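# Below is the sequence, then the experimental coordinates.
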Amino acid sequence: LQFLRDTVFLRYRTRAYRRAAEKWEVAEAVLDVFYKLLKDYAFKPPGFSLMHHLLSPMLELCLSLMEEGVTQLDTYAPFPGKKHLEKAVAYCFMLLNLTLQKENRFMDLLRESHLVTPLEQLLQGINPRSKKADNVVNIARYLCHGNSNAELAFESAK
Amino acid sequence: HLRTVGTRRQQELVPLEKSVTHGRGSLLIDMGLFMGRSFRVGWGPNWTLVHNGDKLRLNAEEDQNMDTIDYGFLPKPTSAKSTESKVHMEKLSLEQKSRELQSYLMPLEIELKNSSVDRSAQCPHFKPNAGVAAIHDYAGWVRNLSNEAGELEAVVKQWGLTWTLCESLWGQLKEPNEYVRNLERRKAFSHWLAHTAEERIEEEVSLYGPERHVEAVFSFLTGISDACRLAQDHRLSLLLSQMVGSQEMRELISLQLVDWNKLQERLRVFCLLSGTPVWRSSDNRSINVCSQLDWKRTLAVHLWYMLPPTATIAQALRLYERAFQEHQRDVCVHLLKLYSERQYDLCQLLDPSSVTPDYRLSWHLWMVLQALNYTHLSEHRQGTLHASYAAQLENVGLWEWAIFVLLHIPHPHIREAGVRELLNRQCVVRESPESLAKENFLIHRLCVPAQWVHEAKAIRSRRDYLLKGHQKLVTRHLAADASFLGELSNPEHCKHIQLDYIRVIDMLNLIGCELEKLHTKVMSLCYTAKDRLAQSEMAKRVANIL
Amino acid sequence: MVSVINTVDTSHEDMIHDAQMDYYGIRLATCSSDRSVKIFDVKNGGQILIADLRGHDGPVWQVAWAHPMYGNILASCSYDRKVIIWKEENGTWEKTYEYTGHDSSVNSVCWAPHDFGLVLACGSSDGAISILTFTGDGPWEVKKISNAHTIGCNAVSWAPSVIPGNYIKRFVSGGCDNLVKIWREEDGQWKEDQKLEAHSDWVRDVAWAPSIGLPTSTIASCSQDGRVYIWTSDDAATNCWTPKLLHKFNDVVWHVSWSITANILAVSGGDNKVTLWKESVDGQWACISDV
């Protein structure tokens, strides 16, 4: 799990540098992996560590994706790119929503386990980060509203 | 009871061992999580404990394979191990190879024209004849043609020199006729010695000259007119021409010059014309030369000057030989020692002779000498040794010559029972599978005539037919063959041998199937076998349908 | 000690006791301490498994292929007190017979030279050897020798088939009493022709070298003392076995085997190493090489 996630963020910059079509696909694969991780969500401590990993650079990456989406609405289509890009956007939307309901129960439990302190910091530091920084996601939502293509709009409103 | 007590002691040790293991788990137990840096532990002991349990007092102790297995090989080895791999993929080439190179088919074939054989109603034999002459010719022409290649080098030259010192000397030494024969042997050996100490004196003495300084004058003398011309010491020049002269000049010039020097690259020249260069410790010059020069270079001096009596050359040679000492394996040297010998005494030196031998040359050498009467070799240990060496040489397809030798060697029997077994192995299957062509027929032809062809063919069939055997089991074969000519041949073989019911059925077939079955039943009277016959008939019907 | 030796040798990969090549060099039967008799095939130098004949309650010790004149037969003995004979009928590697006539472990097996018939000799750790003789069908009659060796038998080796040209066969075996007993058989029963005491401890293995047609029959033996002796008979029919020391190692020698042509001894034992030995032209044995 560590190897793939590390590769994927690096590749996304790597994907962008070479071949827009092939970078996008890698990003879509990463989004799929994230979705799988969400579905999946000693052992409890490992889960807490994973939650901590999920909650600053990773948060920024989602923001970068949102910025790409804001760029995206204006130009391209590119449906195959759009599906993968669209799918990635949907995954980003869903993970925060799916994660948040899970996260509040999850984070408190992690804190209880800590009675670990660093992971708790994620509860503290992670919470501060979440508010954002709101604008970039919001712009993407506005673009989705302008598009009126459906979907994306639900995840944006939720 | 003692063993039981030891087990009781062994059992106690095990309990102690168990306690120690428990302590290790107790002391070594490691519990880091979720993920922790790895730490040392006695992980290995647990793994060894299971093995010890599998091995399991006295019994377990003397029941643990020290390794522990040994693999025995025929032609030739196999592999084995236990163990760093337990098989080795040997790349053919490795160490031993000189023997193989020396025994390149030809070293055998050529010798076969000379050996001859006794053709009879069965296994033949061998015969002797101008053996020496034969060996001389082959070694001659062969050696000459060999003196032209492009690889190895050093090795080839050494081999050639050894062969020349072996066969050469042998022949050279196989009332004025004795005087003339010694002059002729001395004449052949002299130049021979020079050629031997060549290349070494060749480029070597070359530089020596084109270099500096003295000594060379002595080295040219070991090689005379060109040396004198290059040197051109007027008085020394006249004395130098007395070399090659066995004349009683020796003593005079010897002592007188030494005395003159005492009263007062020249004394060494005088030591040579004295004719006793090394054994005369009085001059103390040509012994001390042993560190400087090859033993072969010092031999050449003895052979060339030792003295006019044409036997004294060999004398002094043997001398300097048994003389050297620094602080055995020189082949070319050991041939000289063999040559310097006389005969008889067979009971010791005949005994290192085996050392030397231990391949094909040694065999041929002993055989010619024994047959010729010059050296009656003997007999069974020497033959055992030749037999494995010849078999090692077959491995790569040396079988026919070895078989012939085995037949001739005997003796007078028992060997045949072994040679026949070897032939059977040779054609058990692979013989029948590798011979399935034209390569087998020639080999079969080559071996001394015997009715061994049917025997080899039959073995091949068994591994993988009835007609070949002719040239219960037969019934089974008939059932499989529920082609026609072969079946007829099998029937003929059965008749020759004379299942009776089956034979009757076969006769009926030769003369329908149901009638044959009835005949078989009648034969049985005067059934699983019947069922088998029915199955064979069904198979035949299937074949007909196909 | 033994524990120290075990510590020194961790074992890179699982281990096996004995493993013998087939006649014709096609197959390679093996056995290990896991009770499993694996038959591999070696076509072109590559090892390929064909069957895992499982069936022993204890670790299999030694293994021996029968002569191909009787079809394809392989026999293996074990610490379970039993000996198994596996036949082959079209790839049908089934056991056609099983023998359980010894009360303690069976250290070794060996097949009589193919002329004598299909005789299998077997030495137990009870101190008894059981020999199985083949008849017409699946019956096997046993000729048992009780109290052959004092505290048990480790090695069994057949004398080469020597034509009297009315046939006499001699077999010599080693055991844990230090004695290398030879054996003589008449009408049926086997009697000890002679004892050979030169070892100072348990005889491990005893190999009767194949005669190169040569009448100077030799036998090799190795023991817990760490000595290897090459006992010799100077002539036919003279009850003189004169032992000669090959070498002594500070550690035990486990196994000894004769190479066919040159009479090279493969000495397995001591330091996990196996040595190769040839008798020189001088009668002293020398080590050719380290494997």
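All right, it came through fine. Numbering: from 1, shown residues only, chains lettered A, B, ... in the order given.

# Run a quick neighbour tally on the residue lying closest to residue B:111 once chain neighbours are set aside.
Ranked by C-beta to C-beta, 6 or more residues apart in numbering or on different chains and with sequence neighbours excluded, the top spatial neighbour of residue B:111 is residue B:364, at 6.1 Å. C-beta here means a position set from N, CA and C on the backbone, and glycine is covered the same way. Counted with other C-beta atoms under 10 Å in any protein chain shown, residues neighbouring residue B:364 total 21.

# so which strand or helix has residue B:364?
helix B:360-372 (DSSP states H and E).

# Could I get the buried residue list for that helix?
B:360, B:361, B:362, B:363, B:364, B:365, B:366, B:367, B:368, B:369, B:370, B:371 (16 or more other C-beta atoms under 10 Å in any protein chain shown).

# Please apply the same query to stretch A:50-69.
A:50-52, A:54-55, A:59, A:61-63, A:65-66, A:68-69.

# still on that earlier bit, pull up the gap between the residue nearest to residue B:111 and residue B:138, please.
10 Å (C-beta to C-beta, to the nearest Å).

# Mutual contacts of these two, please.
Residues touching both residue B:364 and residue B:138 (C-beta atoms under 8 Å, 6 or more residues apart in numbering or on different chains): residue B:111.

# phi, psi of residue C:37?
Dihedral angles of residue C:37 (phi, psi; degrees, to the nearest 10) stand at phi -100, psi 90.

# How about the contacts made by it?
So residue C:37 contacts C:29-31, C:52-56, C:60, C:63, C:74, C:76, C:84, C:86 (C-beta under 8 Å, 6+ apart).

# give me the number of residues near the residue lying closest to it once chain neighbours are set aside?
Nearest residue to residue C:37 in three dimensions, chain neighbours excluded: residue C:53, at 4.1 Å (C-beta to C-beta, 6+ apart). For residue C:53, the neighbour count with other C-beta under 10 Å is 21.

# helices or strands up against whichever strand or helix holds residue C:53?
Using DSSP H and E, the secondary-structure element containing residue C:53 is strand C:46-54. In terms of contacts (3 or more C-beta pairs under 8 Å, 6 or more residues apart in numbering or on different chains; DSSP states H and E), strand C:46-54 is packed against strand C:36-43.

# thinking again about what came up before, including secondary structure, could the buried residues of stretch A:50-69 go into a markdown table?
Shown next, in a markdown table, are those (DSSP: H, G, I helix; E, B strand; the rest coil):
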| residue | secondary structure |
| --- | --- |
| A:50 | helix |
| A:51 | helix |
| A:52 | helix |
| A:54 | helix |
| A:55 | coil |
| A:59 | helix |
| A:61 | helix |
| A:62 | helix |
| A:63 | helix |
| A:65 | helix |
| A:66 | helix |
| A:68 | helix |
| A:69 | helix |
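
# quick one: which of the residues you listed is nearest chain B?
Nearest to chain B, judged by C-beta to the nearest C-beta, of the buried residues of stretch A:50-69 is residue A:50 at 10.4 Å.

# The most centrally placed residue in chain A: what's it in contact with?
What sits nearest the mean C-alpha location of chain A, by C-alpha atoms, centre = their mean, is residue A:92, with 4.0 Å. The contact partners of residue A:92, by C-beta under 8 Å, 6+ apart, come to A:31, A:62, A:65, A:66.

# same for the helix holding residue B:364, what does it pack against?
Helix B:360-372 packs on helix B:98-102, helix B:106-115, helix B:131-146, helix B:381-394, going by 3+ C-beta pairs under 8 Å, 6+ apart.

# From chain B, how far out is residue C:286?
Separation of residue C:286 from chain B (C-beta to the nearest C-beta, to the nearest Å): 11 Å.

# which stretch of helix or strand covers that residue?
strand C:285-290.

# Tell me the buried residues in that strand?
residue C:285.

# Run through who's touching that strand.
C:230, C:244, C:246-247, C:264-265, C:273, C:275-280.

# what are the pairing partners of it, and which direction each?
Applying DSSP bridges, strand C:285-290 is found paired with strand C:274-279 (antiparallel).

# which residues touch the partner strand?
B:67, B:70, B:80-83, C:230, C:246-247, C:259, C:262-268, C:285-291.

# From the residues you listed, keep the buried residues only.
B:67, B:70, B:80-83, C:230, C:246-247, C:259, C:262-268, C:285, C:291.

# would residue C:257 count as being in a strand?
Yes. Counting by three-state DSSP, residue C:257 falls inside a strand.

# Contacts only, for residue 36.
Unless you meant another one, I'm taking chain A. With C-beta under 8 Å, 6+ apart, residue A:36 has no contacts at all.

# My question was about chain B, not that one.
Residues in contact with residue B:36 (C-beta under 8 Å, 6+ apart) are residue B:30.

# mind checking which helix or strand it is in?
With DSSP H and E as criterion, residue B:36 is part of no helix or strand.

# circling back: for residue B:195, state which of the contacts of residue A:92 is nearest.
Taking C-beta to C-beta as the measure, residue B:195 sits nearest to residue A:31 out of the contacts of residue A:92, at 88.6 Å.

# In contact with the closest one, which residues?
So residue A:31 contacts A:87, A:88, A:91, A:92 (C-beta under 8 Å, 6+ apart).

# Tell me, how many residues neighbour the second one?
Burial of residue A:88 is recorded as 23 neighbouring residues (other C-beta under 10 Å).

# which SS class is the closest residue to it other than its chain neighbours?
Ranked by C-beta to C-beta, 6+ apart and with sequence neighbours excluded, the top spatial neighbour of residue A:88 is residue A:31, at 4.2 Å. At residue A:31 the chain is in helix, as set by three-state DSSP.

# Same question for the one 4 residues further on.
With three-state DSSP as the basis, residue A:35 sits in helix.

# so residue A:120 makes contact with residue A:111?
Yes. With contacts counted by C-beta atoms under 8 Å, residue A:120 reaches residue A:111, the gap being 5.3 Å.

# Against chain C, how distant is the residue nearest to residue B:111?
For residue B:364, the distance to chain C - C-beta to the nearest C-beta - is 17 Å.

# Next up, identify which helix or strand the residue in the stretch 401-546 of chain B that chain C sits nearest to is on.
Residue of the stretch 401-546 of chain B nearest chain C, by C-beta to the nearest C-beta: residue B:418 (3.9 Å). Assigned by DSSP H and E, residue B:418 belongs to helix B:415-426.

# Toward the C-terminus, what is the element adjacent to that helix?
Assigned by DSSP H and E, the successor of helix B:415-426 is helix B:431-434.
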